[PDB]
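First the proteins, then the strands, lettered A, B, ... as listed; each starts at 1.
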Amino acid sequence: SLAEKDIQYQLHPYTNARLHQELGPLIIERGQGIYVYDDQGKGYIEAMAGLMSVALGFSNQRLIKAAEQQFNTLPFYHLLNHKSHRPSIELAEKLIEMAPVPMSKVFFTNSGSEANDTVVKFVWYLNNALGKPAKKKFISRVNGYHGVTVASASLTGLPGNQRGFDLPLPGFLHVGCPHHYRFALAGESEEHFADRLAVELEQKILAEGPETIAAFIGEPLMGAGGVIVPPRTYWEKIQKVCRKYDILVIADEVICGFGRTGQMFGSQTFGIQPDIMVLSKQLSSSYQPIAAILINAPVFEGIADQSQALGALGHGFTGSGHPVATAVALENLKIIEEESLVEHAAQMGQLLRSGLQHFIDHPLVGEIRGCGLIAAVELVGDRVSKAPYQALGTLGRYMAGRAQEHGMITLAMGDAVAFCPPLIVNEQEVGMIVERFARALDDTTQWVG
Amino acid sequence: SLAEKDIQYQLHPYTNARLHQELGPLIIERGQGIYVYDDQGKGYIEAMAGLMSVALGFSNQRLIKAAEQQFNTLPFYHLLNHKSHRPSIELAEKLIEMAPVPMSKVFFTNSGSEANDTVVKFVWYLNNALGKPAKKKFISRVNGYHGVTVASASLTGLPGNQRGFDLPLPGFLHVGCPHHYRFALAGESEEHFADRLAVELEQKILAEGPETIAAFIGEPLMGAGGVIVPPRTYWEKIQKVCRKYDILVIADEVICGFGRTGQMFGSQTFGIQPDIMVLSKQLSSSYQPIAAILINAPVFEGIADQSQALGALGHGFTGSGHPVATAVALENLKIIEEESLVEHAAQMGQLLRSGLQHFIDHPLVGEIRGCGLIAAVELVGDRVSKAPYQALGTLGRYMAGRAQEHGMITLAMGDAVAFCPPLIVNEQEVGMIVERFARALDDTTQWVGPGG
Ligand SMILES: Cc1ncc(COP(=O)(O)O)c(CN)c1O
Ligand SMILES: Cc1ncc(COP(=O)(O)O)c(CN)c1O
């Protein structure tokens, strides 16, 4: 059977390999709209849009035709040694012109992980170029997600991404997760929470030596780490501290990018003025692996100078700007703009968040959080103590399993279940997502008993 | 114009960004078979198959239809949390069953760089799982190429990949480039050279502490480093040293994989029995970004053990095993098998090397090297000293420029002019590749004026 071949031959990411050898896979055969189907023909709402990525859903014919047209023209070429091609150029133009702050240049990669890894190298290269060889350290946040390379997983602030991998590397620093529900002191306002986080950052910088700190990287809101909306005034006050010590602000838009948070970019939603932006996922609705780094004039000018001094920029991937990946992403962004999906997603997000808010007084519901068309419901064993049932993750695992039984694919992030549907979700589809959440919660409530 | 937008908006890899603002791009518009065409309609033989990658050439309709059929079925899904899909499973099966040594599991990534970076993490994870927490250092070679992440560029042994990037990281060690022509002692045999490299490796291991050395990684034949064929008995003697100290052997097959070297794998051509193999490029003819790690039973078993103890394996990329990329790769490997392209490439490789060897006593030709359908001509200013004409790289750059003028895209690696055509290259086309090399060499010879 296909399931036995999978057990025999594939090591799965983010999977217990031994449990996999026992249970085998859930094989997804096909998709259309917001739905995927297993090999038994059971349909599921992809409430996660795959990996917070499939913006236009699973059967957008314009993307499929854009791939075909590029395949039949030039199915592969590269950008090395002055070589170029139309889809990379037209995508780079569109990305610079739609950027929420003035940007200079695009550098393409296959993945968000490769992109953040590349940003680390580019910042090191830049500060070497500027004669600041000590200005190399990165500050990220607890529960931040920035990818899985040796360097990008050091940026990542999830313990499950570091345990057993001897990470983080030296020079990769973490300050606090900006999650009021978990980290605010008794009675502390959002603004006062934001103050204390800005202080933590300033004190980390002073303790490490400001001359040693190159960059601060953050997702506008934290996706994979639990759909963590920062408190009011966090980004304003954090940026003041960064500008104070000449620290680059990197906006990781891998999940927030292209209409997830109620505006085109999380940088717009949260008032971020980044030096560097990292884009992926909704860039192509994940129909092709592609990510993009936007760098502003000063970062480009320094890198360009050093690329001349050292002969050439000694960096690039075979797939960097792949013509099929760039052609699909270009068409994807045109569809998001032509179909006004940023504003449609904002409207569907209000319906999603209002539907979930009906459960705010459920005895297992600790917090309902969200922004735009991304949300999470964090379950707890006790609302007063905020303590888990048995152990962190026990409720989330059971909930995600029940959701699947009820025909919905969600992702458990500890004891939070996430919602990140395709931007094309309609009103009754949002209603069905909340209904399947409600069934899963009912089952979880009877289970905890 | 398209060229002005390119200059305005794109930072190019492996490009002098200032020179790019001055000269602008060469824009490639379309391709078919072994040919690409610029936006002025000038045709070029892609003698490099893009980046040593486009095995089936630029218009294979079977790959384009395999992509369409997968797009119209399931255009994205992932492999996280037990999720799977048919193309990843059937590709994983094909890869394990064609492996040159017994392999256990496939792990998919988007790129060779991500794959080698992932191998680093998996080896660290494995030795932690086995209770050998000191056994973490990697040994690679000077002029090796393994990618551009912070970790994979530390494995890479080219200075241009490290200079200005604060690389390599600690724990990433380099031993000698196995290039007889450049690094042998005057009058040393290939076998004696192989002995001395094996001694250097043993002495590095002993000097560092054998208990601290996890892995040795090598391309069977070095691609980006200049098509460097190792000396006879190198891989035998290096592996003996590795097995002596319980050091994993990683075969980087990103270029050698799928018929480039005269057999399906460089591991077969060079008698390597690796613990881990890394595959990309010809896997999909670069029609889709995909790479694959093959791990043997012992590597899998230790990772699997720790993945249970820690709840799950905390690693993976969004695109890992992308259904369109895996579907295209699966069809690509079927075509290579059905069209006997490993055998055809071996035949075309003999014709290519014979054609170039007409120039073996040229005053600027220092060495003609390769095997299967990968070759390089290393030009020198002086055959006795092996010294370059003007700065190292001058002849390579001039040759690559002339080749382009004569309708051929080749890559210079210093003064080595490389050949890595699509596997589908025919006998006449090999003839035209060598003809355009000959015109470039004639131009370069008139430019230098060797006299003598
Ligand atoms: C915010 C964020 N940043 C970076 C990454 C890394 O992406 P990739 O999986 O494409 O390597 C992810 C992926 N979940 C992400 O969510
Ligand atoms: C031998 C080898 N290893 C690894 C890589 C890295 O591949 P990628 O560009 O897909 O990251 C390359 C790419 N030229 C390679 O040639």
Do A/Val425 and A/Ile433 have side chains that approach each other closer than 4.5 Å (heavy atoms only, starting at C-beta)? yes
Does A/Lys94 pair with A/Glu337 as a salt bridge, N-O distance under 4.0 Å? yes
Pairing of A/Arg182 and A/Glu378 as salt bridge, 4.0 angstrom limit: yes
Once the angle between the rings of A/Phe122 and A/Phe107 is folded into 0 to 90°, is it parallel (under 30°), tilted (30 to 60°) or perpendicular (over 60°)? perpendicular
Identify the heavy atoms of A/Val328 and A/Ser284 that sit nearest to each other, and give their distance. CG1-O, 4.1 Å
Expected output: side-chain B/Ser113 to main-chain B/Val148 donor-acceptor under 3.5 Å: yes
Report yes if some heavy atom in the side chain of A/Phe258 is under 4.5 Å from a heavy atom in the side chain of A/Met98; otherwise report no. yes
Could you tell me whether the side chain of A/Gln268 and the main chain of A/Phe265 form a donor-acceptor pair under 3.5 Å? yes
Candidate pair B/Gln288 and A/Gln288, rule side-chain hydrogen bond (donor to acceptor under 3.5 Å, both in side chains), full reasoning: CA-CA 8 Å; B/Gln288 295 283 279; A/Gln288 296 282 276; 2.9 Å; yes
Is the shortest heavy-atom distance from the side chain of A/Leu423 to the side chain of A/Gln282 under 4.5 Å? yes
With a 4.0 Å cut-off on N to O distance, would you call A/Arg62 and A/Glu338 a salt bridge? yes
Tell me, do A/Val36 and A/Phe58 make a side-chain contact under 4.5 Å, heavy atoms counted? yes
Please indicate whether A/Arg30 has more than 12 foreign heavy atoms, meaning atoms of other residues, nucleotides or ligands, lying under 6.0 Å from its CZ. yes
Mind checking whether A/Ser280 and A/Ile290 have side chains closer than 4.5 Å, heavy atoms only? no
What's the spacing between A/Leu23 CG and A/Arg18 CZ if we round to 0.5 Å? 14.0 Å
Would you find a donor on one side and an acceptor on the other, under 3.5 Å apart, between the side chain of A/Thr326 and the backbone of A/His322? yes
Taking the side chain as every heavy atom from C-beta outward, state whether A/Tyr287 and B/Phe71 have any pair of such atoms under 4.5 Å apart. yes
Does any N or O in the side chain of A/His12 come within less than 3.5 Å of the main-chain N or O of B/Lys83, such that one atom is a donor and the other an acceptor? yes
Quick one, A/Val342 and A/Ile336 - any side-chain contact, counting heavy atoms below 4.5 Å? yes
Verify, without hydrogens or angle tests, whether B/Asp117 (side chain) and A/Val150 (backbone) share a donor-acceptor contact under 3.5 angstrom. yes
Distance-only, no hydrogens or angles: does the A/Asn332 side chain make a donor-acceptor pair with backbone N or O of A/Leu283 under 3.5 Å? yes
Under 3.5 Å: donor-acceptor pair, side chain of A/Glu114, backbone of A/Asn110: yes
Taking the side chain from A/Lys5 and the backbone from B/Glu90, do they hold a donor-acceptor pair closer than 3.5 Å? no
Output, in order, the C-alpha distance, side-chain angles, deciding distance and verdict of side chain to side chain contact (heavy atoms under 4.5 Å, CB included) for A/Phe216 and A/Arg141. CA-CA 9 Å; A/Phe216 180 85; A/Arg141 299 161 314 165; 3.8 Å; yes
Give a yes or no on this: more than 12 heavy atoms of other residues, nucleotides or ligands lie within 6.0 Å of atom CD of A/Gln61. yes
Trace of the side-chain hydrogen bond (donor to acceptor under 3.5 Å, both in side chains) decision for A/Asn116 with A/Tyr145: CA-CA 10 Å; A/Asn116 281 327; A/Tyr145 192 93; over 6 Å; no
Does a side-chain heavy-atom distance below 4.5 Å link A/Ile45 with A/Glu429? no
Is atom CD of A/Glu343 surrounded by more than 12 heavy atoms (other residues, nucleotides or ligands) closer than 6.0 Å? no
Give a yes or no on whether the backbone of A/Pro13 and the side-chain of A/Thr15 come within a donor-acceptor separation of less than 3.5 Å. yes
